[PDB]
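Observations on the three-dimensional arrangement
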Protein chains: 2
Amino acid sequence: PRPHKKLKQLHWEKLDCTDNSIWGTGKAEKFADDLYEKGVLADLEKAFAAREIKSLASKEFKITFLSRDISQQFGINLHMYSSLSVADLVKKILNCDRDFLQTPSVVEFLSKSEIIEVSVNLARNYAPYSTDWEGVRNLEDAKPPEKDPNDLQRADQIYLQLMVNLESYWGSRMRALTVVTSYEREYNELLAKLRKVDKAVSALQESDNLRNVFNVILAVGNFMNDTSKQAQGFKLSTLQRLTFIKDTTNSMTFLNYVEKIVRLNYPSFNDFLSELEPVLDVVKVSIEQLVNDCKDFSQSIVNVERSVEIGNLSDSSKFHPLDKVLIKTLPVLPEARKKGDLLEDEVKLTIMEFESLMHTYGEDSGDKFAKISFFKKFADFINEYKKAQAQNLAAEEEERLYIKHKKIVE
Amino acid sequence: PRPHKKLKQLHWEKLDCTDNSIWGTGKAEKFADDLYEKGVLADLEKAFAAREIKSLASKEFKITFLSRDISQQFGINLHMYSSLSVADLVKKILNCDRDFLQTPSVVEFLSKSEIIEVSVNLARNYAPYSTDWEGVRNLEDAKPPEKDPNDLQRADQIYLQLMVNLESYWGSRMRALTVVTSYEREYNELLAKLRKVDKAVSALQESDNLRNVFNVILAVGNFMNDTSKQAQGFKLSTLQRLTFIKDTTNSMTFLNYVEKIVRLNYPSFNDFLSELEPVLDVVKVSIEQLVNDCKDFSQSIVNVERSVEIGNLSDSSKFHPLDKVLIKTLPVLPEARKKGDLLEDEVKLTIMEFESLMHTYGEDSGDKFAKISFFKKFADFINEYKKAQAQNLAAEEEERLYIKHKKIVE
């Protein structure tokens, strides 16, 4: 069954070929005809029909449906292109021009959720100005204007031409492009932020000075404890609590002693304060986070790949005739995935080392708590010492300028 | 080497028996003696010694080191026990008394991070009033008061007696207890919130009415489209866009037609609005979240188990003589893990069904986007109809009270 004249064409996404669904039955016909015979259908032959002449006649208006909020961001985030025309601008993006890709401010923007997310409402309004492109290989071929976007502001015109007509894959277009111009950095940033953990590990690992100080502390300890607490060693918890027991004058704490009881007798040890340098350089790094930042770095690539292979980028016809996303991603992905793995190891490696070091000091390793605070406990203690020592360097040159002065007076 | 008198005992966590660490060497001795011969050690024999008489003499003061903020929460969150004495209160918790466990307000509180987390500082201050318990089986045996907590406020006294002396395992004591009195609920809440997804699934699954309406829509569609868009079916995206094409009077949209073109000819279909009831009852449920809420429900148990087996609850001596955490958990855990699995399946099952239904309607299933919005798209459309129909029920009784009235006037 067919009408007789030009009717309003319906813009929809069909299932290319009848799949394993609710389709196939054929009731699509047992109905089509059934509605034509009963005439009802015929009604629709009317009530729905094409339009004609109306030309331009620049209303003198200009509209916008966007939050005044949004409308603002497009003029801001996209100012360096104020000089270009909407038409000549979408061209700048669709083609993925050098200056565009090298500008994060933009990519980040063209990708913000709140900018792509399109309300049922918002869509409805534009519909009359939209376009399909799905099944369109050239710009001159897409004819259906439906109305005219020039009757919209630069803002809306953009928003439409992009997050609207290409809603079919925008998010996923950008979600890739973001990576296509990033992994490199993301990698480096990540990797370096990773080197800085091994270093901090190595130090603790190979630096007997510390180990020594520890025994000295152990030694003293055993002594200072009654006939029973004959300890073979202590857990790290203890380092913080060395500044807990003060003398009798409440002037210097047990730690102060140690530091001196060390610099006075085996001053060859205090080289450790300069050896655990990195352990302080990276006590800031959330181990956990760093792990995940990577888990996600890799994951992020897996995704763009999937979308390229069987997702929203898997089908080319759907793209805007002038879109060049694939031609800018297909080549990169391997370079990326490559880094993806490279990094993946650096982790699984670094981590084990860390986990090992933990065991060495008796600290747990399966427990989350510990994993975080570990590095800290050392860094802390190191600062606890440093400070505690600068205090021992005063008392020396104090009962020095009083006993080198209680004599030149008697 | 040993001193000669009573020295200040050092509170530390030793490594029970020399392990695979930096301990064993024996330098703990090559130092101990070495410092005694050089006399230096001897010095420490002094500068550090016991105390004597000072008795009570209730200063008339009373101190607090806690943020005024914190101090507030203890009086609040713990008001129902205002009537009890600090001593008789810690007893109420350590023993895990019925009325205590059945009171979330409390458990939640005694477990807040910001309440357990103890600053280097905060610890130092209390140290003089603390206690060890590690290696203590009776309350009368723990003698070392070190000072006197009665010189502290109810607040601090609590905080000390608990998050302080039992810092060695508190968090992990509570982290369990929280579960010991929860999984039950957590389960039920979770499960029910899960039943509500299957129901919403089943409906979409077995309800031909919808399927029909869909074809009707397909039928009309094919017709309304030129000699080429011979579609076998459409993707869900389309449901929202049916309210996109309006007639010529811009009064009723393509959807309005459909609804009527349906209630007029096969009004046996509109039973679907009452059939996809649950699809609306649960369009609120974040599928993703719900999945994880469970992933975490199970995980939460794995944890308490680990901690019971080889963690901070693995060793009993470390607990306060009157603590009864294990005696209240060991028995429950299986009941829990049991639920853990039970639930675990309900999920892996429910999910597959959902994933299946998605495929049926041609919607993706690996993609995250879809998983979320799916249910919605249907629920939406259902509301799009409902509304759109109530509008068709006006135009009927409108061109009815005008043509049943344009006659009784001529």
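As presented, residues are numbered from 1 along each chain according to the written sequence, a scheme that may differ from that of the entry, and residues lacking coordinates are left out. Chain A is the first chain written and ligand 1 is the first ligand written, with later ones labelled in order. Side-chain calculation: all heavy atoms of the structure are included, whereas hydrogens and water are not.

Looking at the PDB entry, chain A carries the name BNI1 PROTEIN, with the source organism given as Saccharomyces cerevisiae.

Concerning the interface of chain A and chain B
With 84 residues of chain A at the interface, the matching set in chain B holds 84 residues. What counts as buried area is the accessible surface, traced by a 1.4 Å probe, that two parts surrender upon association, with contributions from both included. Between chain A and chain B the total buried area reaches about 8500 Å² when both faces are included, carbon and sulfur atoms providing 64% of it. A side-chain nitrogen of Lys or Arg and a carboxyl oxygen of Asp or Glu constitute a salt bridge if their distance falls within 4 Å. On the surface where chain A and chain B come into contact, there are four salt bridges. For B:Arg306, the salt bridge is made with A:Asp364, and the minimal N-O distance between the two is 2.7 Å. Helix and strand definitions here come from DSSP, where helices need a minimum of 4 consecutive H or I residues and strands a minimum of 2 consecutive E residues; each element is numbered from the N-terminal end. Broken down by element, the side of chain A that touches chain B gets its largest block of residues, eleven residues, from helix α12 (residues 208-224) of chain A. Three classes are used, and their members are as follows: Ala, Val, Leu, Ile, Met, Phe, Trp, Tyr, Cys and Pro are nonpolar, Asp, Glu, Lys and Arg are charged, and the others, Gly among them, are polar. Of the residues contributing to the side of chain A that touches chain B, the split by class is 39 nonpolar, 24 polar and 21 charged. Any two residues whose heavy atoms approach within 4.5 Å are treated as being in contact.

Observations concerning unusual backbone geometry
Of note, A:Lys62 is a non-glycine position whose phi angle comes to about 145 degrees, a positive value. Relative to the assigned elements, A:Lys62 resides in the loop between α2 (40-45) and α3 (68-76). With a phi angle near 55 degrees, B:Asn250 is a residue other than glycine that sits in the positive phi range. Within the secondary structure, B:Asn250 is located in the loop between α13 (237-240) and α14 (254-263).

Side note on the environment of A:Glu184
Within the element layout of this structure, A:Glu184 appears in helix α11 (residues 183-205). A sequence separation of 173 residues divides A:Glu184 from A:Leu357, and the C-alpha atoms of the two residues are 31 Å apart.

Structural notes on the packing of helix α17 (residues 332-360) of chain A against helix α18 (residues 368-390) of chain A
All names here are of chain A. Orientation is described by axes fitted as lines to C-alpha atoms, over the contacting stretch for helices, and by angles from 0 to 180 degrees between their N-to-C directions. Where α17 meets α18, the axes come as close as 11 Å, and the angle between the chain directions of the two elements is 80 degrees. In terms of their interaxial angle, α17 and α18 are classed as roughly perpendicular. Contact residues: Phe 354, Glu 355, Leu 357 and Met 358 in α17; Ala 370, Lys 371, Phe 374 and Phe 375 in α18. Grouping the constituent residues of the contact of α17 with α18 by class yields six nonpolar, no polar and two charged. These descriptions rest on fixed angle ranges, namely under 35 degrees for roughly parallel, over 145 for roughly antiparallel, 65 to 115 for roughly perpendicular, and the rest for oblique.

So, the domain arrangement of chain A
Residue and element names in this part refer to chain A. For the domains described, the bounds stem from an automatic or database domain assignment. Once the domains are mapped, chain A shows domain 1 (1-50), domain 2 (63-182) and domain 3 (183-410). Computed over C-alpha atoms only, the centres of domain 2 and domain 3 are separated by 46 Å. Opposite the 23 residues of domain 2 that make contact, domain 3 presents 20 residues. Summing the contributions of domain 2 and of domain 3, the shared interface buries around 2000 Å²; its carbon and sulfur component is 63%. When the area that domain 2 buries against domain 3 is broken down by residue, the three leading residues are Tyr 169, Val 179 and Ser 182, summing to 31%. For the salt bridge of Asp 323 with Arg 173, the shortest nitrogen-to-oxygen distance reads 2.7 Å. For the side of domain 2 that touches domain 3, the elements supplying multiple residues, two or more each, are α4 (86-94) and α10 (170-180). Counting residues per element, the side of domain 2 that touches domain 3 draws most heavily on α10, which supplies seven residues. The residue makeup of the side of domain 2 that touches domain 3, split by class, is eleven nonpolar, seven polar and five charged.

Quick word on the relation of the copies chain A and chain B
The fitting set for superposing the copies is their C-alpha atoms, and the method is least squares. Note on the identical chains: chain A maps onto chain B by a rotation of 180 degrees and an axial translation of 0.0 Å, with an RMSD of 0.0 Å. The superposition operator between the copies reduces to a two-fold rotation axis. Considering only C-alpha atoms, the residue of chain A closest to the rotation axis is A:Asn292, which sits at 8.5 Å. Comparing interface residues between copies, 100% of those in chain A also lie at the interface in chain B; the contact surface is shared.

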